[PDB]
C-alpha cells in the first residue's frame, strides 16, 4: 500500500547517496529540510483541504490566462482553431501547430511583462529567501531554484548572473539541477493545452525547487565556501513574444523530426525483432519493459507499470515534450488503455521536468554564456545533473502518488 511508496523514496535517496561526490560532506540540515519541504508541500496541496483550494485556485487562474491568450491565436488562424474543425475532421480537427504552439508565444511574452513590472522578482525573492534560511543554501542558488518554478533552465540563473562566474562547483551543480528538475511557464501552458491537468503541472513546478536542491546537495554537497532591460512594458512584451516564437519553431521542428524518427525506429525494430520471433517489436515495448520496474517503484500498479514505463522512458531518452505527446491521448476518452487516476498523476509528475541529455547542450549554451570559463565544469557535471534532475521528478512523482 503506502509502504511501497515510502520504500521508493528511500531508494531514490539511496541512489543519490551512492552517486554522491562526498557522502561525509552531506549537510543533514540541508538535505533533511529539502526533502521535508518537498514532502510537506506535497502534503499541503494534494492532501489537506486548504492547500487543495489554493492549488485549484492558482490552476484556474492559469487556465483563464491561457484562454485569454487564445484570443490572439484565434485572430491569426481564424476558423482553423474553431469548433467547426471537429465537425469536419473529427478528432483530427485539433491542429497541434495552431492550438498548442502559439501558447508558448503568449506566455513567454506575459512572463517578460511580469518581469518588467517586478512582479516575478518579488515572488522569487520570497520563495528563494525562504529556502536559503531553511536549508542553509547560498543566496544565489536559492534564487535560481525559486526562479526555475516559473521560467526555463537558462532563463532562471539570469536573476543572479553576476554571481554565476564565481560560484562554487556545488553551487553551479545546484543551478544546473534546478533547471533540469523543472520546466518553464511557456511549455507548462502548452502541456495544459494537451490535456495534462494543470494542478499537476503547477504542483510539480513548485516541488521542483526544493527537490532540485535536495538531490543536488545529495549528489554534490558544498565542500567549498560561497560568497555574499527593455525600455518599456510594450518592448518587454514584444521581446518575450519573439523569444516564444523562436522556441515555438524549435519545439515544432523537434516534434516533427523526433516522432518521425521514432516511426522510422519502429519500422526497423519490426524487422530486427522479427529475426528473433518478435515482429511486433517497437520502441514503446522496449522503453516499457525497461522502465516498468522504475515505474512500479514510484507507485504505479503492477498491471500498469509497463504502460507507464513507456512514457517515463521516452521522457528520459528524449525529452518530456515527446513523452507528453504520446501520453496526451491517454488523458482522453479515446485512450487505448484506461489508466487509474493515481497512475495518470504519477506519470504527469515524473514527466514534468527538463531532465534529459539534450538539455546539457542547452545549459552549455545559455548558462555557459553567463560564465564562459565554466563551460568545462558544466559539461563535466552534465550527466550527474541530469540524474539528479531525474531523481527529483521521480521523487515528486512518488510523493504525489503517496497522497493519492
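Numbering follows the first chain given and starts at 1.
- Unmodelled residues of the deposited sequence between residue 333 and residue 334: none, the chain being continuous.
- As the entry records it, the average C-alpha temperature factor is higher for 39-47, out of 39-47 and 353-361.
- Taking the mean C-alpha B-factor of each stretch as recorded, 281-289 and 239-247 are not equal, and the higher mean is that of 281-289.
- Annotation for 82, 168, 205, 325: 325 ranks highest, by Cα B-factor.
- The residue among 200, 75, 276, 321 whose C-alpha atom has the highest B-factor in the PDB entry is 276.
- In the PDB entry, a CA B factor belonging to the highest third of its chain's modelled residues is recorded for residue 19.
- Per the PDB record, residue ranking by Cα B-factor puts residue 372 in the highest third of the chain.
- Ranked by Cα temperature factor within the chain, residue 217 sits in the middle third according to the deposited record.
- Sort the modelled residues of the chain by CA B factor and residue 127 lands in the middle third.
- Residue-level temperature factors show residue 385 in the lowest third of its chain, judged at the C-alpha atom.
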